[PDB]
Amino acid sequence: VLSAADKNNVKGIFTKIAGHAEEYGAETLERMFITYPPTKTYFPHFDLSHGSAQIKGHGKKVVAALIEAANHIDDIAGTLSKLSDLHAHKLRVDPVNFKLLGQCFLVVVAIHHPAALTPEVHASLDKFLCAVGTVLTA
Amino acid sequence: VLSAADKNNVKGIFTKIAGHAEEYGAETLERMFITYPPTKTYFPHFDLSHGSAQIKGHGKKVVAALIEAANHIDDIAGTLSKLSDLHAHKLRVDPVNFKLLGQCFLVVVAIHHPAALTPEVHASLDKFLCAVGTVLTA
Amino acid sequence: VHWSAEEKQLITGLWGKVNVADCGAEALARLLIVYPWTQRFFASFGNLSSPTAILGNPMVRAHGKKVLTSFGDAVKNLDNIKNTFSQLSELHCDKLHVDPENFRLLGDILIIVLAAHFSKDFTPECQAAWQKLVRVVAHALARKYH
Amino acid sequence: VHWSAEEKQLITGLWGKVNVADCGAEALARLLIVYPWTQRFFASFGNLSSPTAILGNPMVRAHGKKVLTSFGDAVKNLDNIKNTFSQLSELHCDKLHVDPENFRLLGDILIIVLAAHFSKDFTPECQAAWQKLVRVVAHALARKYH
Ligand code: HEM
Ligand code: HEM
Ligand code: HEM
Ligand code: HEM
Ligand code: NA
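Residues numbered from 1 in each chain as written, not as in the entry; some residues may be left out. Chains lettered and ligands numbered in written order. Heavy atoms only, no water.

Notes on the coordination of the iron atom of ligand 1
- Only one protein atom coordinates the iron atom of ligand 1: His87 of chain A (NE2), located 2.2 Å from the metal.
- Mapped onto the elements, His87 of chain A comes out in helix α4 (residues 76-90). (Donors = N, O, S within 2.8 Å, 3.2 Å for Na, K, Ca; no water. Helix = DSSP H or I, 4+ residues; strand = E, 2+ residues; numbered from the N terminus.)

Below, the structure is given as structure tokens:
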């Protein structure tokens, strides 16, 4: 599970993320769509060109949901269970895709806050993202 | 997580696994070593020939641990926490190996109880084995 | 990969006893029930709303037979599996964009279906040979990604 | 796989700016810290008992430089990667029995290390090309399994 150090490491890095939800979320999605083009299949209703209004709005929601889970890190499943039915039942998102989006989020964090993303913080954030992915695929 | 139906499916098939702990555990391990020979690397201290005393004794312990997790299916992590330090910290078992052992266990169940291993039960047992593997790699 | 005489015998021997229609239908239905995100690829098959609906669906059963028949093409030319699956690789990789981890999951399900149909005749050595076969087929199917 | 002119430019252009010693040491240390089961393969390196020990271990630092230098051999012949990595495939598959999922994990860590070193110069298109490169190398490294 998430240790006490994991939780403080995650909360610590998110003090740098929390003010950039739209910017970092949009960049995470744009990186995912360009690096892993098959992920575009889940967004046929979107304009997927750079900086489109739909990508910006959706990216803000994704990161906002992560911030929610960070604020209630003691029960991530309780905060995000409302997204489980959407992703696992309605959308049928292949579980491999959560690792792809998580990789893109870590790249965004590394680009903007390289000194904060130490090996130990990286380890904690990987466990946090894996825990979120398990809730959303449940 | 495990739904209420998953928990009912797992317990039912395990009423037939209990009482065959040594036999089914030994066969699961023999299948894993033959089907996936790299897994033998974790047991350099064992005689790995068919029906060796170490394989039989260890197989009984593996399935006994599964039966224990089934008996306390509502909190698998508390029941298996001591084994987590052994597998993740001391032994450093690569997480891929938990899927290999789980596959061999499902093969043993299918060989002996094919009618009990319906698609819905297979689905629930897969989720249970995945949950155990997640605890043991924490 | 290299096939030993014993592996070839275990594969061809078991294959002659496989009920292609029944084992194929069961393997595909289990894929859709055990790993429900795979249903996203089969919306054209209609009613996948429950395990009972999936197991009774004519299109799931027909497709599963075609899938297992394709495994038979591997059995019948074990040294040419790569050429045998080249067109199917284009379909699954370029057109359907099925993640290759799903090929692994289908192969593992097939092993469990064969274990159920053959019981103790599905020896550990037989499982080893068939696991190798489904791995080789999954690799051939994933080729057009690399 | 096939490589576009823009992909080749992104790969060779970034490669000329990579600190092979520092990025290689960092990627290997992150592998051992983020995915600690990988430490089982490196017991000959001595003290891996903490993040501090790993990051200061001279054998980790030396090995990480050799690993990234090999990625450079891929950069320097992008259409011949499978042959370039043939001997390394025998080592990792036949001798060490490293599960190929670990090759994917090291590649993903390398991408995060490159992102940290290059910041916004590591554009989405640059990440796409480098992710493709680490995937192609991982595939070549796993060749001797098939
Ligand atoms: C960290 C992991 C993820 C988080 C926190 C997350 C969060 C969210 C949120 C908050 C929504 C909006 C829910 C609503 O408006 O009611 C959403 C919708 C959606 N998500 Fe995710 N998501 C994640 C991963 C993924 C992945 C990996 C995919 C597919 C590659 C995906 C595809 C979608 C789609 C297609 C929608 C519907 C979007 C729309 O119609 O506007 N999500 N997600
Ligand atoms: C369902 C998954 C598993 C369960 C329930 C399980 C259970 C156990 C138990 C109960 C023990 C003995 C603990 C003790 O005596 O204190 C043990 C030890 C051990 N396990 Fe596992 N195990 C699992 C998976 C694995 C896997 C996948 C591997 C490697 C491929 C592995 C390798 C070992 C080894 C090497 C030992 C030490 C055995 C000895 O020295 O006697 N285990 N496990
Ligand atoms: C080793 C694994 C697999 C083999 C040998 C295989 C084989 C085949 C074959 C032979 C066909 C042709 C069907 C026809 O001729 O009508 C086919 C089609 C198809 N396959 Fe696979 N397949 C495999 C795995 C998968 C997986 C894992 C998925 C999805 C998760 C998938 C999705 C599909 C779909 C959607 C079609 C088209 C069905 C249609 O439109 O009628 N396949 N496959
Ligand atoms: C995926 C990209 C990888 C590349 C390009 C790569 C490359 C290399 C190279 C160049 C060597 C040097 C061989 C020599 O000096 O003779 C090596 C050795 C080795 N590699 Fe890898 N490697 C990769 C992944 C991994 C992974 C993921 C692991 C383990 C989890 C691993 C474990 C080892 C070990 C144990 C050695 C032997 C070290 C020694 O005895 O000094 N490699 N690798
Ligand atoms: Na090679």
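Still more to cover.
A word on the interface of chain C and chain B
- Facing 23 residues of chain C, the contacting portion of chain B comprises 22 residues.
- Roughly 1,900 Å² of surface becomes buried between chain C and chain B when both sides are summed, with 61% attributable to carbon and sulfur atoms.
- It is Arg30, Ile112 and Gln127 of chain C that lose the most area in chain C upon contact with chain B, and together they represent 29% of the buried surface on that side.
- Between chain C and chain B we count zero salt bridges in total.
- At the surface where chain C touches chain B, the tally comes to nine residue pairs in polar contact.
- For the side of chain C that touches chain B, the secondary structure elements donating two or more residues are α2 (20-34), α3 (51-56), α7 (101-118) and α8 (124-142) of chain C. (Contact = heavy atoms within 4.5 Å. Buried area = accessible area lost by both parts, 1.4 Å probe. Salt bridge = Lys/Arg side-chain N within 4 Å of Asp/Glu carboxyl O. Polar contact = N/O pair within 3.5 Å; in protein donor to acceptor, adjacent residues only side chain to side chain.)

Quick word on the UniProt feature "domain: Globin" (unreviewed entry) in chain C
- Per the UniProt entry, the sites bearing "domain: Globin" (unreviewed entry) are residues 2-146 of chain C in this numbering.
- The span residues 2-146 of chain C is 70% helical and 0% strand by assignment, and the distance between its end C-alpha atoms comes to 22 Å. (UniProt positions renumbered as here; feature names shortened; annotations may be inferred.)

Some thoughts on the packing of aromatic side chains
All names here are of chain A.
- Here the structure, examined in full by the defined rule, presents twelve aromatic pairs over all chains.
- Seen in terms of ring centroids, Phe43 and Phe46 are 5.0 Å apart; in terms of plane orientation they differ by 55 degrees. Their pairing is tilted.
- Exposure remark for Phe46: the relative accessible area of 16% places this residue in the buried category.
- Among the aromatic residues, those joined into a cluster by ring pairs are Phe14, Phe105 and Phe128. (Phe/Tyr/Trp six-rings, centres within 6.5 Å; stacked < 30°, edge-to-face > 60°. Buried < 20%, exposed > 50% of the residue type's maximum accessible area, 1.4 Å probe, protein only.)

Quick word on a positive patch on the surface
- Together, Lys82, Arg143 and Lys144 of chain C together with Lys82 of chain D line one region of the surface with positive charge.
- Within the element layout of this structure, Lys144 of chain C appears in the segment after α8.
- Of the residues examined, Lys144 of chain C reaches a relative accessible area of 32% and is grouped as partly exposed. (Patch = residues over 30% accessible without salt bridge, like charges linked within 9 Å, V, L, I, M, F, W, Y side chains within 5 Å. Areas by Shrake-Rupley, 256 points an atom, 1.4 Å probe, with all protein chains shown as cover. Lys, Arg positive; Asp, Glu negative; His and termini not counted. Charge placed at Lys NZ, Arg CZ, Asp CG, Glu CD.)

A look at the site of ligand 2
Residues and elements named next belong to chain B.
- Inspection of the region around ligand 2 gives 19 residues, with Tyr42, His45, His58, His87 and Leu101 positioned closest.
- Residue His45 places a side-chain N or O atom 2.8 Å away from an oxygen atom belonging to ligand 2.
- At 3.0 Å, a side-chain N or O of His87 approaches a nitrogen atom of ligand 2.
- For the shell around ligand 2, the elements supplying multiple residues, two or more each, are α3 (53-71), α5 (81-90), α6 (96-112) and α7 (119-136).
- The residue makeup of the shell around ligand 2, split by class, is 14 nonpolar, four polar and one charged. (Near = heavy atom within 4 Å. Nonpolar A, V, L, I, M, F, W, Y, C, P; charged D, E, K, R; others polar.)

Observations regarding the UniProt feature "binding site: heme b" in chain A
Residues and elements named next belong to chain A.
- Under the local residue numbering, the UniProt record ascribes the feature "binding site: heme b" to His87.
- In this structure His87 comes out as buried when scored by relative accessible area, which is 18%.
- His87 has contacts with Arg92, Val93, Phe98 and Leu136, leaving out every residue within four places of it along the chain.

Things to note about the packing of helix α1 (residues 5-15) of chain D against helix α8 (residues 124-141) of chain D
All names here are of chain D.
- As a packed pair, α1 and α8 sit with axes 9 Å apart at the nearest point and diverge in direction by 90 degrees. Between α1 and α8, the crossing angle belongs to the class labelled roughly perpendicular. Residues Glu7, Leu10, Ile11, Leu14 and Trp15 of α1 form the contact with α8, whose participating residues are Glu125, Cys126, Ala129, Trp130, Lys132 and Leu133.
- Grouping the amino acids of the contact of α1 with α8 by side-chain chemistry returns eight nonpolar, no polar and three charged. (Axes fitted to C-alpha atoms, helices over the stretch in contact; angles between N-to-C directions. Parallel < 35°, antiparallel > 145°, perpendicular 65-115°, else oblique.)

Here's the deal with the coordination of the iron atom of ligand 3
- In this structure the iron atom of ligand 3 is ligated by exactly one protein donor, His92 of chain C (NE2), at 2.2 Å.
- In this structure, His92 of chain C sits in helix α6 (residues 86-95).

Digging into the site of ligand 3
Residue and element names in this part refer to chain C.
- Near ligand 3 lie 20 residues; those nearest to it are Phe41, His63, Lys66, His92 and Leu141.
- One of the side-chain nitrogen or oxygen atoms of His92 is found 3.0 Å away from a nitrogen atom of ligand 3.
- At the level of elements, α4 (58-75), α6, α7 and α8 are the ones that each hand at least two residues to the shell around ligand 3.
- The biggest single contributor to the shell around ligand 3 is α4, with five residues.

Side note on the environment of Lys132 of chain C
Residues and elements named next belong to chain C.
- For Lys132, the location among the structural elements is in helix α8.
- As a C-alpha pair, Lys132 and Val1 span 131 residues in sequence and 9.5 Å in three-dimensional space.
- Other than its neighbours up to four places away in sequence, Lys132 contacts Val1, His2, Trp3 and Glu7.

Focus: the UniProt feature "binding site: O2" in chain A
All names here are of chain A.
- In the numbering used here, UniProt assigns the feature "binding site: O2" to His58.
- In this structure, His58 sits in helix α3 (residues 53-71).
- Not counting chain neighbours up to four residues away, the residues in contact with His58 comprise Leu29, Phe43 and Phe46.

Concerning a nonpolar patch on the surface
Residues and elements named next belong to chain D.
- The grouping of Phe41, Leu88, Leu91 and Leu96 at the surface amounts to a nonpolar patch, some 290 Å² of accessible area in total.
- Of note, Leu88 is situated in helix α6 (residues 86-95).
- Judged by relative accessible area, which is 31%, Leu88 ranks as partly exposed.

Points about the nonpolar core
- Ranked by internal contacts, the top residues of the largest apolar core, which has 96 residues, are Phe14, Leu125 and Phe128 of chain B together with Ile81, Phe122, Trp130 and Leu133 of chain C.
- Not counting residues up to four positions away in its chain, the partners in contact with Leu125 of chain B are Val10, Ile13, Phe14, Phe105, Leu106, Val109 and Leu117 of chain B.
- One finds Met32 and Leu117 of chain A together with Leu31 and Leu48 of chain D within the second-largest nonpolar core, a separate group that totals 95 residues. (Core = buried A, V, L, I, M, F, W, Y, C linked by side-chain atoms within 4.5 Å.)

Examining the UniProt feature "binding site: heme b 1" (unreviewed entry) in chain C
Residue and element names in this part refer to chain C.
- Residues annotated in UniProt with the feature "binding site: heme b 1" (unreviewed entry) correspond here to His92.
- The class of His92 is buried, set by a relative accessible area of 18%.
- Excluding its chain neighbours within four sequence positions, the residues that come into contact with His92 are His97, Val98, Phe103, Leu141 and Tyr145.
- A distance of 2.7 Å separates the side chain of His92 from the backbone oxygen of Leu88, its partner in a polar contact.

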